[PDB]
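All Cβ positions, even for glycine, are placed from backbone atoms using ideal geometry, and neighbour counts span all protein chains on display. Laboratory data are not the source of any read-out in this text; all were calculated from the coordinates shown.
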Number of protein chains: 2
Amino acid sequence: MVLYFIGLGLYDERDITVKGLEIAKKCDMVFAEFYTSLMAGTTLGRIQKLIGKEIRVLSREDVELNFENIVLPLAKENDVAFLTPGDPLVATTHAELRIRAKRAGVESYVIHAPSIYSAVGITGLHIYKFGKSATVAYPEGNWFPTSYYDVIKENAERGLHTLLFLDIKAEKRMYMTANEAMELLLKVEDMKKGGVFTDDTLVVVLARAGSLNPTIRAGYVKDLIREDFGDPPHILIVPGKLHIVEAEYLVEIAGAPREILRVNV
Amino acid sequence: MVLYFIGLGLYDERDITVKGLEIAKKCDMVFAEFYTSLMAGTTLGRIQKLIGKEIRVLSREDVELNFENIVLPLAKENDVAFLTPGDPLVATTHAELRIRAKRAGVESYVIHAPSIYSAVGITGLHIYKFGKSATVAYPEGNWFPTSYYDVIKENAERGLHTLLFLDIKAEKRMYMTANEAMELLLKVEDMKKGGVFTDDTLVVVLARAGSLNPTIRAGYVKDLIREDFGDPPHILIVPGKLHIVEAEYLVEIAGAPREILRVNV
Ligand SMILES: Nc1ncnc2c1ncn2[C@@H]1O[C@H](CSCC[C@H](N)C(=O)O)[C@@H](O)[C@H]1O
């Protein structure tokens with residue numbers, strides 16, 4: 001009689017919470033989407049094995065246009081689960097699906113899972129110091145998205161770090177790298193010339209958070225822009241003014257140049 | 001030779017991820033800290049029973065002053081687990097513990113878990129619009145801290161939401177309520193009179209996130225300040241201008257008054 005939004009986590013099938021697993025195991029039917037993010041350390045097969053259920057994967061069109069036609073109808077007579085990577089309601093539009101559920105007379109419940117949005121804490125940057133977040137979208141045709149640039153500018157002026165979700169085209173199997181995001185930002189810099197992102201700008205890259213050996217690197221764009229950070233997914237962070245302990249972590253754990261230890265107060 | 005930082009999640013013993021539980025089980029010794037926060041929906045007894053290991057609780061001083069004397073020594077000839085509520089490294093002091101592990105020649109790995117920082121997405125508010133975060137601390141003696149007030153101002157000034165962690169006396173198990181938090185904020189507004197928090201300010205309250213029955217309420221201070229939001233923990237959010245989709249969710253899912261569709265959008 002109910003619908004469950006259950007997050008699967010950051011990297012592999014085991015990043016689901018015990019709560020999430022126990023509930024999914026007792027659902028009559030399980031649905032899922034794998035276009036909002038990329039779980040690089042697992043396969044649908046492994047998720048199905050762990051949950052002991054067959055999972056019907058939905059596309060963005062299935063969800064965005066027919067969620068109330070494919071999923072909700074079954075709720076009235078079943079306990080249904082809808083699985084998604086990371087946390088189901090973070091940097092997605094899935095929250096709106098709950099409204100669709102309500103209007104359809106279906107109760108819904110949300111089971112959280114580790115999200116890239118808080119996992120950035122592994123970079124050593126104070127979570128509270130993060131300001132507005134943004135997404136670096138692939139330019140398409142004559143349309144070249146550039147709003148994320150201004151977001152970085154506003155946060156920096158306030159001494160806040162900027163979290164940059166990188167773009168994804170799940171059906172084309174394209175996952176934007178930190179390198180590609182940097183290239184786009186350098187280009188937007190030439191455009192606006194606001195001195196927001198250049199060769200000397202310090203950045204932090206977090207790749208495959210959730211795995212046991214994520215790639216955590218910090219340095220100047222000029223040096224990291226052509227560095228190999230491994231397989232996707234990637235996230236890119238542009239730090240604001242650094243606290244001393246933040247810098248120490250970047251140097252000790254993320255291999256940043258020792259010179260950032262010298263914070264300019 | 002290894003140390004694992006494992007998040008316990010949001011509310012109860014099932015909020016740990018399958019990865020964290022399976023790893024905690026293969027660990028020779030397991031420590032835990034409950035001073036950055038508490039797991040309001042469970043007990044040490046239940047967590048121990050789920051993991052099947054005796055758990056040694058460490059106080060703030062144990063960790064901040066003797067982490068390398070209590071935890072790291074065992075981490076040399078054993079696999080050690082250090083459990084924390086939420087997602088590891090979200091608490092600002094945790095990050096350096098990894099530097100200590102390095103200094104001691106001990107490998108460390110982080111096992112993520114749901115954090116309130118990402119769980120607020122269940123309020124229906126877009127995660128990207130959250131700005132800097134703050135903690136509302138209890139005034140004591142001749143000390144009246146109000147930086148959290150300024151944080152709201154700067155965020156809402158740029159149309160961003162403000163996540164407010166409420167004070168907590170971990171050791172004494174005392175939780176600051178949203179009600180008290182609103183009272184404090186009304187007192188500060190009467191102090192700085194910068195028009196940031198009044199009876200007409202729209203706020204959002206999230207209680208017991210992670211539970212299947214969290215309390216999600218939205219409304220104007222005058223109507224919520226004396227409302228009973230249930231048992232702790234409470235989280236207070238002061239939203240900035242709302243996207244129609246955010247407002248509709250607050251009305252449909254959190255019982256917000258229709259007035260917000262015209263006043264806060
Ligand atoms: N494990 C991971 N490591 C690095 N970046 C990740 C990641 N998981 C997601 N992302 C980043 O976030 C984007 C997906 S946005 C959706 C996020 C998801 N709900 C969550 O809670 O994590 C990706 O394109 C990528 O840039």
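A few points about this structure:
- Kirkwood estimate for the protein assembly as shown, i.e. one over the average of 1/r between Cα atoms, Å: 23.6 Å
- Flagged links, alpha-carbon separation over 24 Å, of A:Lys76/A:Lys169; A:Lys26/A:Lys169; B:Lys193/B:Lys241; B:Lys53/B:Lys76; A:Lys132/B:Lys153; A:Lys132/A:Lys193: A:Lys76/A:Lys169; A:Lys26/A:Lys169
- Inter-chain neighbour count for A:104-117: the average number of beta-carbon atoms from partner chains within 10 Å of each residue's beta-carbon is 5.
- Overall, region B:115-265 carries a charge dipole of about 260 debye about its Cα centre when +1 sits on the Cβ of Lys and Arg and -1 on the Cβ of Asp and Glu, all other atoms neutral.
- Sorted shortest first, the separations between the A:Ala170 label point and its copies elsewhere in the assembly read 3.7 nm; each point sits 7 Å from Cα along the Cα-to-Cβ line.
- Length, then width, then depth: along the principal axes, the Cα atoms of region A:164-217 run 38, 27, 13 Å.
- Remark: label point of B:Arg262 defined 7 Å out from Cα along the Cα-Cβ vector; separations to the same position in other copies 6.1 nm, ascending.
- Multiplying the residue separation of B:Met1 and B:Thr198 by 0.36 nm and subtracting their alpha-carbon distance yields 65.5 nm.
- Taking θ as phi - 60° and the Karplus parameters 6.51, -1.76 and 1.60, the scalar couplings of region B:176-188 work out to 6, 8, 5, 4, 4, 4, 5, 4, 4, 5, 5, 5, 5 Hz in sequence order, x denoting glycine and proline.
- Only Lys, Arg, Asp and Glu carry charge here, each on its Cβ (+1 for the first two, -1 for the last two); on that basis region B:1-114 has a dipole of about 180 debye about its Cα centre.
- Computed from the alpha carbon atoms alone, the convex hull of region B:1-55 holds 78 Å³ per residue.
- Per-residue mean of C-beta atoms belonging to partner chains within 10 Å, peptide A:126-137: 5
- Average projection area in nm² (convex hull over Cα atoms of region A:1-128, one quarter of hull surface): 7.7 nm²
- Placing +1 on each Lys and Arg Cβ and -1 on each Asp and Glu Cβ, with no other charges, gives chain A a dipole about its Cα centre of roughly 380 debye.
- Average beta carbon contacts from partner chains per residue of B:211-217, 10 Å cutoff: 2
- Among the trypsin sites (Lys or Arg not before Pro) within region B:119-173, those in coil by DSSP and having at most 11 neighbouring Cβ atoms inside 10 Å are B:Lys172, B:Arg173.
- Viscosity 0.890 mPa s, 25 °C: Kirkwood-radius Stokes-Einstein D of region B:115-265 over Cα pairs, µm²/s: 160 µm²/s
- Computed over chain A: relative contact order in percent, which uses C-alpha pairs under 8 Å that are six or more apart: 20 percent
- Longest exposed-site-free window of chain B, the sites being GluC sites (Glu not before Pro) in a DSSP loop that have at most 10 other C-beta atoms within 10 Å: B:78-265
- Distances, shortest first, from the label point of B:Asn142 to those at the same position in the other copies read 6.8 nm; the point lies 7 Å along Cα to C-beta.
- Selection from A:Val263, A:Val203, B:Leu21 lying farthest towards where the dipole of the protein assembly as shown points positive, charges on Cβ: B:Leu21
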